[PDB]
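Chains as they are written, first to last, in the deposited numbering: chain U, 1120 to 1177, 1184 to 1286; chain R, 540 to 669, 675 to 714, 722 to 784; chain Y, 2 to 117; chain V, 38 to 144; chain G, 784 to 839; chain L, 201 to 250; chain F, 197 to 441; chain C, 94 to 168, 325 to 451.
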Ligand SMILES: [Zn+2]
Ligand SMILES: [Zn+2]
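See the structure below:
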């Protein structure tokens, strides 16, 4: 560490978190593909409040009816100090503006991320068959090749005195 | 090892016929969805069918093997958790004998089937040669007091090291070794004697348990280079 | 996830969307048979899973002489005899929690005191 | 017994003097598929036997749930005279019995 | 070994030789100690060969 | 289509439909029982080979 | 005091040292290292102790790694030159319904995890939907080049009958047993892939066999007797052709 | 014992009618109840024929119509070789089962192909219930498992293998329905019914 903060442990943890490579796969439990008739109401009891909040306070007409849900582990996000805002922005910037994502706050009893692929103006009939397949493909890619923060080829870091 | 043996193999067709006649449903009409509790029966690595009461099937098979209807070299393993019943008859399997432990509710606790009367007859036959009815290791095997066990079958049995303290239900000399009882009441077999795990060369070392193992290996190697009397001719 | 098989040819059904009703159907890819969906869930990936923890439990588990016996109390019948074992998943990330099976009611409980 | 296939020439009329269509007339006949032990099958499947003699009788309880076979005294007191018929499948589907015979090749 | 119960993590089950050479080793301790000695012998041979090559 | 298929006609007839599947098992309470037990034990005890 | 157990050849006492080999007719599942397209492989060295003394190896490989979007199962059959999808093999064995194939593989109606991992196999084998097409698909892959267009189905059938899992049987009319055994192998492979069981230990003495003087001389005598019979037939042909006594 | 039970005579089958005839078992492999008396379109033929290309073979109704329209329109070796010993029973079984049983209805709605089962071919014994309360015993000969063929317009080997090549060219999800709309890749049943209806309409 820097000679002016070598003895500090909080800055040690900060730099360790800034260099350690962590992926969404390490902070998620499961991924689900759901069907929702419209991007305004939900069938899952839990996300009813999240959708209402985000939609109420602030396009959505052309969102696809297929939803991608990620269930994230608070015990996994507390081992390394992470907040939903950083990961949400990371996902939003991996694909700049070609899909809409909402994320629950840390205060929620359960941690969930909801994503929806946005279709273009043109309507494709052949892509409907592989729509769910495309969802699984993007799920695999966003699970594997996403660098939330850290340096490449860094498996794990351990602090020692 | 001293008491190790290698099976010579026998015909599996009689065992297949026996299993078929004792309720082994053919594999041609096995529907898993309507019977998610059947145990798969394997013979020499061939899935021949399924059975509904593996407990009774195994009990009958073990009784037959003990009394000598099936060749003792045949190995039988019941993987309860995996719901499998494997029977091996092919040659080349290494096995060794072990004592048989039964409930014997007369004393209220499990004990070896072999008794002091059996030992007396064995010793009488041993010393009469130097005329009571012959009583040999084959006699023990046919009376079901010992049983051949291979490595695969050893996976599904519990063996008591000695009958002196592990079999009885349950001051100490400071010089004696510290032995762990393991407090287990489900023993199915008992070692004849642990000293039989050693080989020919290693059975000459005196007190090998007080030596470092590399020294035992060195002695095993060297004892084959000691001068003696290889033959009398 | 509840995979569904076809009623006429026993083939595998696949999800489809009907825009006329904006609903979810399951249709067979070869015989043209359809059925309205019952739940909106069609895919699940379980990265951290607890399936297989108690795999291998049978009506005759207690007949195994290798399983260790315990004196723990079964909190549904008040019995003291039971056989316990560790998790059956071989992943090198699981805890050493013990699962106990009662020999009187065939009930399975756990020794966990953190989450239960 | 080789013969043409599609037979668009209508050769069956003279080659065969019998109908080639499956005879679906006795299909409405209850049939029991019974699996026998080896000892009983080795004497019930013999071709030098089965001259029409009485092999025994079947006894079924009036209320059902239990069916037994009572063989005659022709077994030579070497096998049991009483057996239980265990119904492995009370309701059986898609199982039929069909025969196979040759056809007349002339006219 | 086929002498303990499944899922046993005690020192005597996973190879802790409580006794000394003067007292003598119980059979299970003897087998585990033999396993360790065999590891040592194999390491000796392989390392001899590899070190010879490296020195050359 | 194909003009030739090379069929083999035969006289066949359906003469019954199976309704019950039965398994014959000797009665445990029969006086002649346990003779089959000895026979079945012999099935494995006897060795054909010389 | 002499115990025997040796042979005297040219006046020198010779003893046959027992040879240790891996037991056959047992399914063994192994994991492969990262630098490869196969993650798990279930192998069986099918062996028959009586009748031909030849060994045929059957392997079922799970292509793709844990980071792949589609992991399929492919089986290598003798004299095929390529790995055929398990679904196609099942259809060639006579089980066209995908429901029946999944019944043969997975024996639980709630093991949705294994069924999910099995989805890619049926997706890959979707095109083939009948026994004749599956049989010809397998047959054309064989390295015979004598079957033109109509013996392909029969060649594939004969291969699947006599060279596929020979330890079960080699006679016609036992496709159900072959299908069930293949499903068992795939089930074990899928369990290992789902990490519910560890890879089979290769050092387990229960999976090993010791060949004594008996089996060794048996196979040597088998080879020598085959050579002798070949020589007898050659002499018969020579006398019949060249008109000799 | 009391007469609460019911007993029926069991009689052997006369051997005078058991010669030159073999009784087999037919097992339809489907999840829906199948009855060839009511479900099938009579007449129904059960013969032995080659199963190769069992998608473009003339139906019985089509052959009858063809006959009607035809009537209207007309109105050295090596001299030394080694033969390998083969068991006569197996050779006979192969010869007899070379052409599997095929059961086809009149309209082609049902076309089943049978396969020989050797697991329990002979162990079974049949008990026919005579129309007098008595039972007659007949030995079993063989067991055949019948599977449906060409019920949902299966593709051909050429098309299937051409569709399997090339990672990037993945198989479309609803290709069967899309092609069925085109009209190609149909079944024998539909192909015969549409043509027969096109003739009947006139
Ligand atoms: Zn369908
Ligand atoms: Zn309880």
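Beta carbons are placed, not taken as given, at the ideal position from N, Cα and C, and that holds for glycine.
The alpha helix (DSSP H) enclosing residue i, as first and last residue numbers
i: residue 51(V); result: 49-52
i: residue 29(Y); result: From DSSP, residue 29(Y) is part of no alpha helix (DSSP H) but of the beta strand (DSSP E) over 24-29.
i: residue 818(G); result: 810-838
i: residue 1(Y); result: Lying before the first or after the last residue shown, residue 1(Y) is absent from chain Y, which here runs from 2 to 117.
i: residue 430(C); result: 424-431
Nearest neighbour of residue i, chosen from the options [CA to CA]
i: residue 376(F); options: 762(R), 567(R), 562(R); result: 567(R)
i: residue 287(F); options: 334(C), 118(C), 419(C), 397(C); result: 397(C)
i: residue 1232(U); options: 1245(U), 1210(U), 1214(U); result: 1210(U)
i: residue 120(V); options: 50(V), 72(V), 63(V); result: 72(V)
i: residue 208(L); options: 412(C), 344(C), 338(C); result: 344(C)
i: residue 108(V); options: 215(L), 230(L), 218(L); result: 230(L)
i: residue 797(G); options: 827(G), 811(G), 839(G); result: 811(G)
i: residue 436(C); options: 99(C), 135(C), 326(C), 152(C); result: 152(C)
i: residue 245(L); options: 641(R), 605(R), 711(R), 581(R); result: 605(R)
i: residue 585(R); options: 228(F), 362(F), 311(F); result: 362(F)
i: residue 333(C); options: 415(F), 439(F), 438(F), 429(F); result: 429(F)
i: residue 1144(U); options: 48(Y), 23(Y), 79(Y); result: 48(Y)
i: residue 225(L); options: 50(V), 130(V), 103(V); result: 103(V)
i: residue 819(G); options: 764(R), 779(R), 664(R), 563(R); result: 764(R)
i: residue 727(R); options: 808(G), 789(G), 788(G), 799(G); result: 808(G)
i: residue 416(C); options: 200(F), 215(F), 262(F), 267(F); result: 267(F)
i: residue 131(Y); options: 95(Y), 40(Y), 32(Y), 85(Y); result: No information on residue 131(Y) is available, as it lies outside the stretch 2 to 117 that chain Y covers here.
Residue i, enclosing beta strand (DSSP E) - first and last residue
i: residue 280(F); result: 279-281
i: residue 1188(U); result: 1188-1197
i: residue 105(C); result: 98-105
i: residue 225(L); result: 211-226
Cβ-Cβ separation, residue j to residue i (assumed contact under 8 Å), whole Å
i: residue 1(Y); j: residue 89(Y); result: Any question about residue 1(Y) goes unanswered here, given that chain Y covers just 2 to 117.
i: residue 645(R); j: residue 632(R); result: With a Cβ gap of about 35 Å, residue 645(R) and residue 632(R) do not count as contacting.
i: residue 387(C); j: residue 131(C); result: Wrong, their Cβ atoms sit about 26 Å apart, outside the cutoff.
i: residue 582(R); j: residue 554(R); result: 6 Å
i: residue 352(F); j: residue 332(F); result: 7 Å
i: residue 697(R); j: residue 616(R); result: 5 Å
i: residue 139(C); j: residue 212(L); result: 5 Å
i: residue 562(R); j: residue 601(R); result: Wrong, their Cβ atoms sit about 16 Å apart, outside the cutoff.
i: residue 376(C); j: residue 81(V); result: With 8 Å as the limit, residue 376(C) and residue 81(V) do not qualify as a contact, their Cβ atoms being about 11 Å apart.
i: residue 61(Y); j: residue 594(R); result: 6 Å
Beta bridge counterpart(s) of residue i as assigned by DSSP
i: residue 650(R); result: 641(R)
i: residue 240(F); result: 254(F)
i: residue 81(V); result: Answer by DSSP bridge pairing: none, since residue 81(V) is not bridged.
i: residue 84(Y); result: 70(Y), 102(Y)
i: residue 633(R); result: 545(R)
i: residue 752(R); result: Per DSSP, none; premise fails for residue 752(R).
i: residue 352(C); result: 139(C), 361(C)
i: residue 388(C); result: 374(C)
i: residue 63(Y); result: Answer by DSSP bridge pairing: none, since residue 63(Y) is not bridged.
i: residue 1124(U); result: Looking at the DSSP assignment, residue 1124(U) forms no beta bridge with any residue, so it has no partner.
i: residue 615(R); result: 626(R)
i: residue 46(Y); result: 1150(U)
i: residue 98(V); result: 98(C)
Margin query: Run the Cβ filter for me: residues under 6 Å from any heavy atom of ligand 1, listed in the order they occur in the chain.
Written below: 7(Y), 9(Y), 10(Y), 12(Y), 29(Y), 31(Y), 32(Y), 34(Y)
With distances taken from each beta carbon to the nearest heavy atom of ligand 2, which residues come in below 6 Å, in chain order? 75(Y), 77(Y), 78(Y), 80(Y), 103(Y), 105(Y), 106(Y), 108(Y)
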